[PDB]
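Remarks on the structure that follows.
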Amino acid sequence: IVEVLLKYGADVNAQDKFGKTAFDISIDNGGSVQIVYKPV
Amino acid sequence: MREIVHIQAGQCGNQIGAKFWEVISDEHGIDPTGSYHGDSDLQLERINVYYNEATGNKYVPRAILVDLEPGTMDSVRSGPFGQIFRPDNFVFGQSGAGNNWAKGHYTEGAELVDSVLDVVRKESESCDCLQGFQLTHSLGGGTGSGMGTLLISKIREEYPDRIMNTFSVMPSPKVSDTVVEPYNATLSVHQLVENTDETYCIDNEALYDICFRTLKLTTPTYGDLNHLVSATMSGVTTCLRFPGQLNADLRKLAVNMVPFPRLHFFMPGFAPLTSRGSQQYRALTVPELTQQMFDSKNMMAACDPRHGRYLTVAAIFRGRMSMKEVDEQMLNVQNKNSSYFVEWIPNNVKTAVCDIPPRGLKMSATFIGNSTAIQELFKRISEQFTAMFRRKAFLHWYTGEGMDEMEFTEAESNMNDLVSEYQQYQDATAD
Amino acid sequence: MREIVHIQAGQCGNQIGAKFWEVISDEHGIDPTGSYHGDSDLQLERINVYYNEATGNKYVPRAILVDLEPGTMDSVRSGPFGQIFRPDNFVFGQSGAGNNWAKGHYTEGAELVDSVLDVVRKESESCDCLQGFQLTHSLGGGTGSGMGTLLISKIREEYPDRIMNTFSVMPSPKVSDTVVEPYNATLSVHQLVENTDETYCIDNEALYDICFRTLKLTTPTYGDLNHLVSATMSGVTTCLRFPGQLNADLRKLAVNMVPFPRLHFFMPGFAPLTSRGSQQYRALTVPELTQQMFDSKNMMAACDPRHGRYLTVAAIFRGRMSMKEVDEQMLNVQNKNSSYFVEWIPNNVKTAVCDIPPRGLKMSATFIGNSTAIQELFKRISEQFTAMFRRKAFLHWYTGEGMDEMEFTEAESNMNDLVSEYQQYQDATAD
Ligand SMILES: Nc1nc2c(ncn2[C@@H]2O[C@H](COP(=O)(O)OP(=O)(O)O)[C@@H](O)[C@H]2O)c(=O)[nH]1
Ligand SMILES: Nc1nc2c(ncn2[C@@H]2O[C@H](COP(=O)(O)OP(=O)(O)O)[C@@H](O)[C@H]2O)c(=O)[nH]1
């Protein structure tokens with residue numbers, strides 16, 4: 001449905017009253033040390 | 001004197017709770033001011049189970065009224081019996097739960113819970129010998145579901161040795177279009193499986209189908225649905241409110257009805273089924289009563305009792321009738337329908353008879369069954385839950401309240417385990 | 001074989017620690033490649049206390065080098081002995097602690113601590129019989145103070161039955177203008193009071209005054225300050241590094257020096273005081289050494305020893321000298337100065353004599369005193385802390401790291417308690 005809406009011109013940047021876009025919602029729904037030897 | 005503390009949470013819980021008090025008040029002769037005006041002494045003999053006796057010989061329900069929705073206080077106070085409730089027992093918030101279980105259980109509900117616990121502590125300590133608690137609530141919304149199950153859990157900490165009984169209204173897309181209701185109900189069932197001793201499954205799916213198919217109502221309203229709810233609640237509590245031998249308290253009912261702790265979800269049924277405004281021309285005979293109350297068309301949970309087996313049954317007959325005829329009829333349904341009764345629990349069907357019938361009926365019967373077919377209700381919710389959960393649909397509304405996705409997984413798994421346990425006992429044989 | 005694990009944290013800790021290793025490697029005949037080229041079997045007898053024997057008969061310090069500051073690894077590795085150190089024992093982070101104890105103890109330091117603990121665990125398990133740990137660090141900065149005390153606490157959890165010893169550089173506004181140094185030092189002292197078995201108080205106030213007043217240096221540099229540091233650290237570790245009877249291990253030193261668990265802050269002293277490049281024309285006599293090491297102008301902590309009493313003392317004489325003359329002098333300073341020695345701890349002054357003197361000296365002497373006069377150092381810090389703390393000055397730098405203001409109150413109170421305990425024993429009599 002996200003696809004057919006986008007092909008019919010849906011605005012991907014459109015924000016709701018909580019400042020969220022549609023993809024922000026799907027992302028919200030979705031839910032170490034690096035040893036580097038340096039020469040001196 | 002075996003007191004029960006009643007708690008009503010949310011819009012549904014308060015709606016059916018109010019109807020419960022209007023109905024049982026009429027049976028006991030108690031008017032909205034708390035005065036008694038009856039003919040029978042059986043009305044007041046066990047009035048103490050549900051009512052406190054205030055100064056001036058008045059009776060006041062031992063009821064706590066809760067809602068995060070502030071507007072609910074006005075609708076309760078404006079009801080026919082809103083005058084009878086203890087003003088200090090009304091605990092209302094300002095911001096509702098917005099059909100969100102997480103808001104009712106963890107955030108807005110948690111902000112209000114200590115105010116409710118203060119009022120249940122006061123009613124409980126005033127009891128000569130508290131039996132336990134009775135909660136009316138729905139599982140599809142946010143307050144009754146989330147805050148009701150939060151209340152159960154907190155009450156269990158302070159009163160672990162008391163019976164926790166609930167009247168839990170199950171959601172149906174036939175009566176509500178709220179997308180998240182399967183989420184709220186699954187999260188609540190997870191709580192009920194662990195923290196209640198006995199739960200009456202009042203299913204909106206069965207209530208809608210009874211109104212539409214049996215009562216012939218094109219568009220059942222909540223009043224129509226709630227007429228069945230109150231009629232059920234009156235029947236299932238008859239043994240607790242009137243003098244009798246069988247299932248006279250919540251603990252003796254649980255010892256008779258629950259053979260395995262988690263298997264405590266009862267399928268309620270009643271006969272004759274009636275609508276508001278339907279007059280009774282003649283009283284049902286004992287065989288009509290017995291046949292109808294066991295019929296799937298008379299169950300308050302949308303489950304086919306012939307798709308499972310009865311672990312235990314409590315049958316309550318109300319009104320003046322032959323006890324010899326009742327016994328014969330009760331033995332007849334068990335011997336004719338022997339394949340829907342577990343053979344490894346001998347004499348699992350207990351029958352009580354109360355002389356006082358409900359309003360407008362000379363004869364009636366209420367059924368309470370602990371049937372393995374109740375898994376049909378849980379499977380229906382589980383399927384709806386899974387359809388959304390696999391798409392991670394609407395989760396931000398719950399995780400945004402601090403909730404972990406792992407809680408949804410745990411609740412789903414627990415309810416699915418419950419279903420496997422019913423199936424295990426359905427397939428058990430007396431080897 | 002009584003191994004010690006050495007840890008150096010922060011800019012001061014690594015500066016002092018490198019000088020420690022340059023000094024004791026020279027004393028033990030070890031060159032920057034780890035080869036031995038000495039002229040005495042006494043140099044190798046207990047080499048194992050500080051050095052591991054690697055393949056090829058090489059000696060490598062059992063030292064872990066830690067810093068949060070970027071750029072410090074190169075300056076350590078480029079030092080005179082920078083190549084003797086085990087490459088894997090260097091734990092250097094990207095983001096400094098910005099003179100903030102909270103950053104070193106709770107945030108940046110906590111992000112790096114498990115990498116350090118891995119390397120101390122490996123050195124500790126390789127030990128035939130580990131004595132304990134030695135940490136060099138300052139208390140006025142953020143890494144040595146905060147992360148050093150975090151390391152002490154974590155090391156104490158895994159090795160609770162081992163001695164925790166520190167060389168803790170106290171701050172002075174004479175050498176550093178950083179406004180928050182009294183905060184960092186008070187927070188560190190609170191940690192040291194609870195978690196170390198013995199601490200050498202190397203005070204930058206005393207070091208600056210020795211350089212300025214005694215050595216006649218108009219503007220002492222850190223090299224000047226550290227020339228005294230290295231001389232002290234060499235002297236106080238002599239009993240641990242060479243064959244002897246007295247205080248040969250960290251535990252026997254603690255049993256001799258610490259009557260009460262919290263009173264484990266020592267005031268080191270040394271004779272003769274010299275500057276870098278100053279030649280010794282003649283060796284001091286035994287009375288000159290004894291008189292001087294006990295003099296207030298020769299103490300490494302800015303405290304007047306005649307403003308308190310000595311609970312215990314450890315005196316170490318280094319060089320070829322008469323032991324009869326040493327004993328006479330040690331009995332004379334105690335009999336002539338009897339009012340500055342507690343009478344309820346008989347024979348509280350222990351004296352060792354090691355044949356090997358330090359570099360450029362034919363004779364030297366080192367003093368370790370556990371004096372109640374050390375409260376002058378704690379009172380000075382406490383007063384500086386209180387001046388800012390009552391104004392709630394600069395607290396956002398600490399509470400912004402998640403810290404609670406209550407921790408400052410607890411640290412202030414603990415250090416003030418420590419001061420009252422010294423005063424209690426200062427006033428005690430052998431009644
Ligand atoms: N039978 C019945 N169900 C109700 C009633 N009111 C709400 N419900 C159901 O309860 C669910 C919504 O919960 P509700 O009690 O409105 O929400 P809450 O106020 O957040 O607890 C839906 O499944 C509704 O269909 C009522 O009066 N009777
Ligand atoms: N004696 C001495 N004090 C030092 C030295 N370097 C820094 N300090 C002192 O240590 C404090 C600053 O701590 P520093 O070790 O620079 O900070 P860190 O890197 O955050 O641990 C101040 O009181 C400085 O005067 C040094 O080489 N010798």
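Letters A, B, ... mark the chains of the structure tokens in the order given; residue numbers begin at 1 per chain; ligand numbers begin at 1, in order shown.
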Q. Neighbours of residue 397 in chain B within 9 Å (only C-alpha atoms; same-chain residues fewer than 4 positions away dropped), as a PyMOL selection string?
A. (chain A and resi 29) or (chain B and resi 100+102+401)
Residues as selected, N, CA and C atoms, written as a PDB file, in the first residue's frame, can you do that?
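Result file out05.pdb:
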ATOM      1  N   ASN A  29       8.427   1.218  14.642  1.00  0.00           N
ATOM      2  CA  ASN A  29       7.742  -0.051  14.773  1.00  0.00           C
ATOM      3  C   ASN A  29       8.742  -1.211  14.785  1.00  0.00           C
TER       4      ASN A  29
ATOM      5  N   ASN B 100      -4.837   2.217  24.519  1.00  0.00           N
ATOM      6  CA  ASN B 100      -3.460   1.754  24.610  1.00  0.00           C
ATOM      7  C   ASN B 100      -3.224   1.020  25.940  1.00  0.00           C
ATOM      8  N   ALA B 102      -0.437  -0.199  27.065  1.00  0.00           N
ATOM      9  CA  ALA B 102       0.785   0.295  27.706  1.00  0.00           C
ATOM     10  C   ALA B 102       0.526   1.558  28.537  1.00  0.00           C
ATOM     11  N   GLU B 401       5.688   4.021  24.964  1.00  0.00           N
ATOM     12  CA  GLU B 401       5.364   4.108  26.384  1.00  0.00           C
ATOM     13  C   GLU B 401       6.439   3.451  27.286  1.00  0.00           C
TER      14      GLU B 401
END
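Excluding range 91-96 of chain B itself and same-chain residues fewer than 5 positions from it, the residues having an atom within 6 Å of it are residues 66, 67, 68, 69 and 70 of chain B, counting only C-alpha atoms.
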Q: With a cut-off of 10 Å and counting only C-alpha atoms, select all residues of chain A in contact with chain B and give the selection as a PyMOL selection string.
A: chain A and resi 25-31
(Q) To test your reading of the structure, identify every residue in range 269-427 of chain B that backbone DSSP assigns to helix (DSSP H, G or I), and report it as a ChimeraX atom specification. (A) /B:286-294,296-298,305-307,323-336,338-340,372-389,396-399,405-427
Q) Closest to ligand 2 among C:221, C:57, C:78, C:285, using only C-alpha atoms and all ligand atoms? A)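 With only C-alpha atoms and all ligand atoms as the atom set, the closest residue is C:221.
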Q: Grab me every residue within 7 Å of ligand 2, counting only C-alpha atoms and all ligand atoms, and send it over as a ChimeraX atom specification.
A: /C:9-13,15-16,67,69,97-99,137-145,169-172,175-176,181,204,222-223,225-226,229
Could you save the residues just selected, with C-alpha atoms, as a short mmCIF file (atom, residue, chain, number, x, y, z; two decimals), in the first residue's frame?
data_model
loop_
_atom_site.label_atom_id
_atom_site.label_comp_id
_atom_site.auth_asym_id
_atom_site.auth_seq_id
_atom_site.Cartn_x
_atom_site.Cartn_y
_atom_site.Cartn_z
CA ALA C 9 46.89 6.34 34.67
CA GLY C 10 46.59 9.81 33.23
CA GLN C 11 49.19 12.38 32.26
CA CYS C 12 50.75 12.64 35.74
CA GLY C 13 50.50 8.88 36.46
CA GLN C 15 54.91 10.79 33.67
CA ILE C 16 55.70 9.59 37.27
CA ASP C 67 45.33 7.16 29.31
CA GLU C 69 44.06 11.77 26.36
CA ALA C 97 38.62 13.40 30.61
CA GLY C 98 39.01 17.22 30.48
CA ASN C 99 40.14 17.55 34.14
CA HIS C 137 48.28 8.77 39.34
CA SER C 138 47.39 12.38 40.25
CA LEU C 139 44.20 13.33 42.11
CA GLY C 140 43.72 16.81 40.54
CA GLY C 141 42.94 15.81 36.94
CA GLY C 142 40.26 13.56 35.42
CA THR C 143 41.85 10.32 34.16
CA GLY C 144 44.33 9.52 36.98
CA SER C 145 41.86 10.65 39.62
CA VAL C 169 49.94 13.14 43.56
CA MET C 170 47.97 15.77 45.55
CA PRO C 171 47.12 19.04 43.83
CA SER C 172 48.44 22.51 44.66
CA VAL C 175 51.69 24.21 40.35
CA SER C 176 48.21 24.06 38.68
CA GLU C 181 41.26 20.24 41.22
CA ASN C 204 52.68 19.02 44.65
CA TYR C 222 57.45 19.19 36.23
CA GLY C 223 60.92 17.65 35.63
CA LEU C 225 59.02 18.15 40.70
CA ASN C 226 59.42 14.60 39.30
CA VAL C 229 59.04 11.97 42.93
#
Q: Among the residues of range 141-389 of chain C, find those DSSP assigns to strand (DSSP E or B) from the backbone and print them as a ChimeraX atom specification.
A: /C:163-170,198-203,265-271,299,310-319,341,349-354,363-371
Please list as a compact mmCIF listing (two decimals) with N, CA, C and O atoms, in the first residue's frame every residue within 9 Å of range 349-357 of chain B, counting only C-alpha atoms and excluding residues in the same chain fewer than 4 positions away.
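Written file, out_32.txt:
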# COMPACT_ATOMS: atom_id res chain seq x y z
N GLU B 27 -32.89 -7.03 42.83
CA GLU B 27 -33.09 -8.35 43.40
C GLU B 27 -33.07 -8.32 44.91
O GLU B 27 -33.88 -8.98 45.54
N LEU B 42 -34.73 -13.63 52.40
CA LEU B 42 -33.65 -14.17 51.58
C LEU B 42 -32.90 -13.02 50.86
O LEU B 42 -31.75 -13.20 50.46
N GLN B 43 -33.56 -11.86 50.66
CA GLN B 43 -32.96 -10.71 50.02
C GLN B 43 -31.80 -10.14 50.87
O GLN B 43 -30.73 -9.86 50.35
N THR B 238 -25.47 -15.54 41.71
CA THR B 238 -26.61 -15.98 42.54
C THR B 238 -26.18 -16.82 43.76
O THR B 238 -26.63 -16.55 44.86
N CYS B 239 -25.27 -17.77 43.57
CA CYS B 239 -24.76 -18.65 44.61
C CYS B 239 -24.02 -17.93 45.72
O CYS B 239 -23.93 -18.45 46.83
N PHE B 242 -27.15 -15.43 47.70
CA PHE B 242 -28.29 -16.04 48.36
C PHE B 242 -27.88 -17.27 49.15
O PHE B 242 -26.84 -17.88 48.88
N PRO B 243 -28.65 -17.61 50.21
CA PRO B 243 -28.28 -18.79 51.02
C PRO B 243 -28.32 -20.07 50.18
O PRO B 243 -29.23 -20.27 49.38
N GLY B 244 -27.28 -20.89 50.32
CA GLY B 244 -27.14 -22.12 49.58
C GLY B 244 -25.97 -22.97 50.03
O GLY B 244 -25.12 -22.54 50.82
N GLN B 245 -25.91 -24.19 49.49
CA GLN B 245 -24.93 -25.21 49.83
C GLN B 245 -23.74 -25.28 48.89
O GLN B 245 -22.62 -25.60 49.29
N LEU B 246 -24.01 -25.10 47.62
CA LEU B 246 -23.03 -25.29 46.59
C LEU B 246 -22.48 -23.99 46.06
O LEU B 246 -23.25 -23.07 45.80
N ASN B 247 -21.13 -23.93 45.88
CA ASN B 247 -20.40 -22.81 45.31
C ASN B 247 -20.82 -21.49 45.94
O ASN B 247 -21.06 -20.52 45.22
N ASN B 256 -14.15 -26.24 42.96
CA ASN B 256 -15.05 -27.05 42.16
C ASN B 256 -14.84 -26.88 40.67
O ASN B 256 -15.10 -27.82 39.92
N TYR B 310 -15.95 -30.72 28.66
CA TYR B 310 -16.17 -29.99 29.91
C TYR B 310 -15.32 -30.59 31.00
O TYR B 310 -15.48 -31.77 31.31
N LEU B 311 -14.40 -29.79 31.55
CA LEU B 311 -13.58 -30.21 32.68
C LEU B 311 -14.49 -30.22 33.90
O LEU B 311 -14.53 -31.21 34.62
N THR B 312 -15.24 -29.11 34.11
CA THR B 312 -16.20 -28.91 35.20
C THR B 312 -17.35 -28.01 34.73
O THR B 312 -17.17 -27.21 33.80
N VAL B 313 -18.51 -28.14 35.37
CA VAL B 313 -19.68 -27.33 35.10
C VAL B 313 -20.39 -26.97 36.43
O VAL B 313 -20.44 -27.79 37.33
N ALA B 314 -20.91 -25.75 36.54
CA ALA B 314 -21.76 -25.27 37.61
C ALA B 314 -23.07 -24.83 36.93
O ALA B 314 -23.06 -24.03 35.99
N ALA B 315 -24.19 -25.44 37.33
CA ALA B 315 -25.49 -25.10 36.77
C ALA B 315 -26.31 -24.48 37.91
O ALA B 315 -26.32 -25.03 39.00
N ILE B 316 -26.88 -23.28 37.71
CA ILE B 316 -27.69 -22.63 38.76
C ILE B 316 -29.10 -22.47 38.22
O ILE B 316 -29.28 -21.90 37.16
N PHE B 317 -30.09 -23.03 38.90
CA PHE B 317 -31.49 -22.93 38.48
C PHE B 317 -32.17 -21.93 39.43
O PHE B 317 -32.04 -22.06 40.64
N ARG B 318 -32.87 -20.93 38.89
CA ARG B 318 -33.51 -19.91 39.72
C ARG B 318 -35.02 -19.94 39.58
O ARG B 318 -35.55 -20.05 38.48
N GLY B 319 -35.69 -19.82 40.70
CA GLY B 319 -37.14 -19.87 40.72
C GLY B 319 -37.67 -21.12 41.39
O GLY B 319 -36.90 -21.99 41.83
N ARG B 320 -39.00 -21.23 41.49
CA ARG B 320 -39.64 -22.38 42.12
C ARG B 320 -39.86 -23.46 41.11
O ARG B 320 -40.67 -23.29 40.19
N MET B 321 -39.18 -24.58 41.29
CA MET B 321 -39.29 -25.72 40.40
C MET B 321 -39.00 -27.04 41.14
O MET B 321 -38.47 -27.02 42.25
N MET B 323 -37.06 -30.09 42.23
CA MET B 323 -35.66 -30.48 42.31
C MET B 323 -35.43 -31.89 41.77
O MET B 323 -34.37 -32.16 41.22
N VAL B 326 -35.19 -31.40 38.07
CA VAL B 326 -33.90 -30.75 37.78
C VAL B 326 -32.79 -31.81 37.75
O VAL B 326 -32.03 -31.86 36.80
N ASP B 327 -32.73 -32.65 38.79
CA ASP B 327 -31.74 -33.72 38.90
C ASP B 327 -31.82 -34.68 37.73
O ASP B 327 -30.78 -35.06 37.19
N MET B 330 -30.50 -32.90 34.61
CA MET B 330 -29.06 -32.75 34.67
C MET B 330 -28.35 -34.07 34.40
O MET B 330 -27.34 -34.07 33.70
N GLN B 334 -25.91 -35.18 30.66
CA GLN B 334 -24.60 -35.77 30.83
C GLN B 334 -24.55 -37.17 30.24
O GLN B 334 -23.50 -37.56 29.75
N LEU B 361 -38.86 -12.96 35.17
CA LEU B 361 -38.78 -14.38 34.88
C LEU B 361 -39.27 -15.14 36.09
O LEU B 361 -38.92 -14.80 37.22
N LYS B 362 -40.10 -16.15 35.87
CA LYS B 362 -40.54 -17.03 36.94
C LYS B 362 -39.48 -18.16 37.11
O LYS B 362 -39.23 -18.61 38.22
N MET B 363 -38.85 -18.60 36.00
CA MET B 363 -37.84 -19.66 35.96
C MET B 363 -36.70 -19.24 35.08
O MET B 363 -36.92 -18.72 34.00
N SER B 364 -35.48 -19.56 35.50
CA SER B 364 -34.29 -19.29 34.69
C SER B 364 -33.14 -20.23 35.09
O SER B 364 -33.25 -20.98 36.06
N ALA B 365 -32.06 -20.23 34.32
CA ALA B 365 -30.93 -21.10 34.57
C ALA B 365 -29.67 -20.45 34.02
O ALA B 365 -29.67 -19.81 32.97
N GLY B 369 -19.28 -23.09 32.59
CA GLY B 369 -18.50 -24.25 32.20
C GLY B 369 -17.04 -23.93 32.03
O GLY B 369 -16.68 -22.85 31.57
Q.
Can you pull out the residues contacting residue 385 in chain B? Cut-off 8 Å, using only C-alpha atoms, and skip same-chain residues under 6 positions away; I want them as a list in words.
A. residues 182, 183, 186 and 412 of chain B
Q: Extract, using only C-alpha atoms, all DNA, RNA and protein residues at most 10 Å from residue 85 in chain C, discarding same-chain residues fewer than 6 positions from it, and format them as JSON, numbers by chain.
A: {"C": [18, 21, 32, 33, 34, 59, 60, 61, 62, 63, 64, 65, 76, 77]}
Residues from last step as file, N, CA, C and O atoms, as a PDB file, in the first residue's frame:
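Okay, this is what ended up in selection_39.pdb:
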ATOM      1  N   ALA C  18      56.783   6.453  34.249  1.00  0.00           N
ATOM      2  CA  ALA C  18      57.907   6.299  33.338  1.00  0.00           C
ATOM      3  C   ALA C  18      59.195   6.574  34.105  1.00  0.00           C
ATOM      4  O   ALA C  18      60.119   5.784  33.998  1.00  0.00           O
ATOM      5  N   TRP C  21      60.132   3.653  36.309  1.00  0.00           N
ATOM      6  CA  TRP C  21      60.732   2.577  35.561  1.00  0.00           C
ATOM      7  C   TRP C  21      62.118   2.905  35.071  1.00  0.00           C
ATOM      8  O   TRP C  21      62.970   2.037  35.100  1.00  0.00           O
ATOM      9  N   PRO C  32      67.197  -0.137  28.192  1.00  0.00           N
ATOM     10  CA  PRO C  32      65.868   0.006  27.552  1.00  0.00           C
ATOM     11  C   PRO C  32      65.410  -1.157  26.676  1.00  0.00           C
ATOM     12  O   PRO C  32      64.227  -1.239  26.378  1.00  0.00           O
ATOM     13  N   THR C  33      66.314  -2.065  26.277  1.00  0.00           N
ATOM     14  CA  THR C  33      65.909  -3.245  25.501  1.00  0.00           C
ATOM     15  C   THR C  33      65.487  -4.439  26.417  1.00  0.00           C
ATOM     16  O   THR C  33      65.054  -5.472  25.910  1.00  0.00           O
ATOM     17  N   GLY C  34      65.657  -4.307  27.734  1.00  0.00           N
ATOM     18  CA  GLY C  34      65.319  -5.369  28.661  1.00  0.00           C
ATOM     19  C   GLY C  34      66.483  -6.277  28.994  1.00  0.00           C
ATOM     20  O   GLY C  34      66.285  -7.276  29.682  1.00  0.00           O
ATOM     21  N   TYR C  59      63.976  -8.772  30.259  1.00  0.00           N
ATOM     22  CA  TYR C  59      63.151  -8.402  31.402  1.00  0.00           C
ATOM     23  C   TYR C  59      62.164  -7.340  30.935  1.00  0.00           C
ATOM     24  O   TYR C  59      62.559  -6.405  30.231  1.00  0.00           O
ATOM     25  N   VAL C  60      60.875  -7.516  31.255  1.00  0.00           N
ATOM     26  CA  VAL C  60      59.869  -6.558  30.822  1.00  0.00           C
ATOM     27  C   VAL C  60      59.038  -6.144  32.036  1.00  0.00           C
ATOM     28  O   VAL C  60      58.604  -7.004  32.793  1.00  0.00           O
ATOM     29  N   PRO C  61      58.870  -4.820  32.291  1.00  0.00           N
ATOM     30  CA  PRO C  61      58.071  -4.393  33.446  1.00  0.00           C
ATOM     31  C   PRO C  61      56.676  -5.003  33.466  1.00  0.00           C
ATOM     32  O   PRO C  61      56.012  -5.105  32.418  1.00  0.00           O
ATOM     33  N   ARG C  62      56.209  -5.359  34.670  1.00  0.00           N
ATOM     34  CA  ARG C  62      54.836  -5.836  34.807  1.00  0.00           C
ATOM     35  C   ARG C  62      54.024  -4.548  35.026  1.00  0.00           C
ATOM     36  O   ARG C  62      53.584  -4.246  36.141  1.00  0.00           O
ATOM     37  N   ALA C  63      53.921  -3.749  33.954  1.00  0.00           N
ATOM     38  CA  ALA C  63      53.325  -2.431  33.968  1.00  0.00           C
ATOM     39  C   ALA C  63      52.258  -2.275  32.887  1.00  0.00           C
ATOM     40  O   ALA C  63      52.456  -2.688  31.746  1.00  0.00           O
ATOM     41  N   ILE C  64      51.129  -1.663  33.261  1.00  0.00           N
ATOM     42  CA  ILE C  64      50.015  -1.346  32.377  1.00  0.00           C
ATOM     43  C   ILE C  64      49.945   0.171  32.307  1.00  0.00           C
ATOM     44  O   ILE C  64      49.971   0.846  33.329  1.00  0.00           O
ATOM     45  N   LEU C  65      49.931   0.704  31.097  1.00  0.00           N
ATOM     46  CA  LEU C  65      49.985   2.128  30.823  1.00  0.00           C
ATOM     47  C   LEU C  65      48.634   2.565  30.279  1.00  0.00           C
ATOM     48  O   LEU C  65      48.209   2.091  29.240  1.00  0.00           O
ATOM     49  N   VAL C  76      54.845   8.495  25.741  1.00  0.00           N
ATOM     50  CA  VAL C  76      55.249   7.406  26.632  1.00  0.00           C
ATOM     51  C   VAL C  76      56.160   6.435  25.874  1.00  0.00           C
ATOM     52  O   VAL C  76      57.240   6.090  26.359  1.00  0.00           O
ATOM     53  N   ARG C  77      55.724   6.006  24.683  1.00  0.00           N
ATOM     54  CA  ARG C  77      56.471   5.088  23.831  1.00  0.00           C
ATOM     55  C   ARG C  77      57.825   5.661  23.403  1.00  0.00           C
ATOM     56  O   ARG C  77      58.761   4.906  23.195  1.00  0.00           O
TER      57      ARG C  77
END
Q) In Å to one decimal, how far is CA of residue 38 in chain A from CA of residue 53 in chain C? A)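 Rounded to one decimal, the two atoms are 25.6 Å apart.
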**Q.** One-decimal distance in Å that lies between CA of residue 383 in chain B and CA of residue 423 in chain B
**A.**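 A separation of 16.8 Å between them.
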Q. What gap, in Å, lies between CA of residue 322 in chain C and CA of residue 45 in chain C?
A. 23.5 Å
Q.
Could you list, as a ChimeraX atom specification, every residue within 12 Å of residue 5 in chain A, counting only C-alpha atoms and ignoring same-chain residues fewer than 6 positions away?
A. /A:11-12,22
Could those residues be written to a file, using N, CA, C and O atoms, as an mmCIF file, in the first residue's frame?
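Output file result09.cif follows:
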data_model
loop_
_atom_site.group_PDB
_atom_site.id
_atom_site.type_symbol
_atom_site.label_atom_id
_atom_site.label_comp_id
_atom_site.auth_asym_id
_atom_site.auth_seq_id
_atom_site.Cartn_x
_atom_site.Cartn_y
_atom_site.Cartn_z
ATOM 1 N N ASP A 11 3.603 12.177 -0.638
ATOM 2 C CA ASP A 11 4.768 12.936 -0.191
ATOM 3 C C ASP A 11 5.496 12.166 0.898
ATOM 4 O O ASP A 11 4.956 11.934 1.981
ATOM 5 N N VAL A 12 6.730 11.771 0.611
ATOM 6 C CA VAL A 12 7.530 10.995 1.547
ATOM 7 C C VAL A 12 8.016 11.846 2.735
ATOM 8 O O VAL A 12 8.250 11.295 3.806
ATOM 9 N N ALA A 22 6.161 8.988 7.416
ATOM 10 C CA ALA A 22 5.658 7.622 7.344
ATOM 11 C C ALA A 22 6.779 6.593 7.605
ATOM 12 O O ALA A 22 6.584 5.675 8.402
#
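When only C-alpha atoms are used to compute distances to residue 51 in chain B, the closest of the residues B:185, B:135, B:73, B:24 turns out to be B:24.
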Q: Between B:89, B:382, B:184, B:420, single out the one closest to ligand 1, counting only C-alpha atoms and all ligand atoms.
A: B:184
